[PDB]
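Working notes, structure below.
Numbers here simply count residues along the sequence, with the first being 1. Indexing begins at 1, ligand by ligand and atom by atom, following the structure's order.
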Amino acid sequence: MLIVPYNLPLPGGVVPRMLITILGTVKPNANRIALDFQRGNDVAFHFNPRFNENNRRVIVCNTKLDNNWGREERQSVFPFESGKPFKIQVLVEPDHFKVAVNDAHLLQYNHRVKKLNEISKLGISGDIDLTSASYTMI
Ligand SMILES: CO[C@@H]1O[C@H](CO)[C@H](O)[C@H](OC(=O)c2ccc(C)cc2)[C@@H]1OC(=O)c1ccccc1[N+](=O)[O-]
Ligand SMILES: [Cl-]
């Protein structure tokens, strides 16, 4: 078990066939989770489950450039449950991040930040107990 917020270094950034696995349990009164794939201060890929946005559950994805949030991509398919263990897998492909939760495909997010080899940190934060965060080459 790790202390959140947690920074996972991604040395030399990400590359196609890099599979990032995040294992954790959602806290019982969860409001939000965030994965932030960072290129310095920019967020190439913000993955943000929201448990209570207007009494709905939604996943918000976005990019932050020069400290400005861009256009949101939203997904109502919401595989997280308060109190339950999850696995998030982010598979880097040539043109998008592919996200599967609990071995079920969830969403794709097209690369807005092009410099994948400079996306050198993943921030993990929010209402989770973090069990592990790691990556491998498939
Ligand atoms: C102004 O809205 C932004 O949309 C951005 C993407 O487009 C980011 O999701 C932003 O999240 C943050 O940057 C953020 C929020 C809180 C903390 C502690 C750290 C970062 C932020 O999101 C929120 O603050 C937010 C708004 C409504 C419901 C739930 C949340 N939320 O889960 O924080
Ligand atoms: Cl870029």
Side-chain angles (χ1 to χ4, degrees):
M1 161 178 178
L2 301 175
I3 297 307
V4 142
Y6 180 88
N7 178 60
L8 179 66
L10 305 173
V14 301
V15 59
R17 296 165 42 216
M18 194 168 166
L19 174 59
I20 302 102
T21 298
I22 311 291
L23 283 167
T25 298
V26 179
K27 281 169 164 195
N29 297 125
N31 185 77
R32 72 177 294 278
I33 304 171
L35 306 178
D36 292 284
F37 289 87
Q38 301 254 359
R39 168 184 181 251
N41 185 62
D42 284 354
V43 182
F45 177 36
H46 175 82
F47 174 91
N48 175 209
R50 295 178 185 183
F51 284 78
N52 192 5
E53 183 193 73
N54 187 23
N55 296 300
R56 291 114 189 271
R57 301 188 312 167
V58 62
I59 306 189
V60 178
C61 295
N62 209 349
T63 294
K64 202 193 210 180
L65 298 179
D66 290 343
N67 231 41
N68 302 319
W69 287 114
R71 291 175 177 223
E72 291 177 352
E73 298 179 28
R74 291 160 166 263
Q75 167 66 281
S76 276
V77 181
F78 194 92
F80 305 101
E81 292 291 320
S82 297
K84 299 198 193 186
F86 64 82
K87 176 177 63 178
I88 304 168
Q89 289 185 117
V90 185
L91 177 53
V92 176
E93 293 194 314
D95 294 330
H96 56 247
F97 298 102
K98 197 175 86 214
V99 182
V101 177
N102 300 343
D103 290 316
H105 171 74
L106 177 54
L107 62 78
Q108 298 182 359
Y109 189 85
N110 283 338
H111 295 313
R112 306 186 187 173
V113 172
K114 304 309 180 168
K115 283 190 176 140
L116 300 180
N117 58 341
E118 294 187 357
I119 308 171
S120 308
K121 303 188 183 221
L122 169 62
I124 306 165
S125 65
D127 300 326
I128 66 169
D129 294 338
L130 174 64
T131 302
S132 68
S134 67
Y135 55 79
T136 199
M137 298 303 294
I138 65 155

Salt bridge (charged side-chain N to carboxylate O under 4.0 Å, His left out) pairs touching residues 25-36, sequence neighbours excluded, are none
Counting heavy atoms not belonging to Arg17, are there more than 12 under 6.0 Å from its CZ?
-> no
Please check if the distance between the ring centroids of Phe97 and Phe37 is under 6.0 Å.
-> yes
Can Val99 and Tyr109 be said to form a side-chain contact (heavy atoms from CB on, under 4.5 Å), step by step?
-> CA-CA 8 Å; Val99 182; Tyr109 189 85; over 6 Å; no
So among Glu73, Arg112, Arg74, which one has a side chain to side chain donor-acceptor pair (under 3.5 Å) with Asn62?
-> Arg112
Note every protein N or O atom lying under 3.5 Å from an N or O atom of ligand 1, pairing the names and giving the distance.
from, atom 1, to, atom 2, distance (Å)
ligand 1, 4 (O), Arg50, NH2, 3.1
ligand 1, 7 (O), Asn62, ND2, 2.9
ligand 1, 7 (O), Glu72, OE2, 2.6
ligand 1, 9 (O), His46, NE2, 2.8
ligand 1, 9 (O), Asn48, OD1, 3.0
ligand 1, 9 (O), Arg50, NH2, 2.7
ligand 1, 22 (O), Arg50, NH2, 3.1
ligand 1, 32 (O), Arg32, NE, 3.1
ligand 1, 32 (O), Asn48, ND2, 3.2
ligand 1, 33 (O), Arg32, NE, 3.0

Polar contact flag, side-chain donor to acceptor under 3.5 angstrom, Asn41-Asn67 = yes
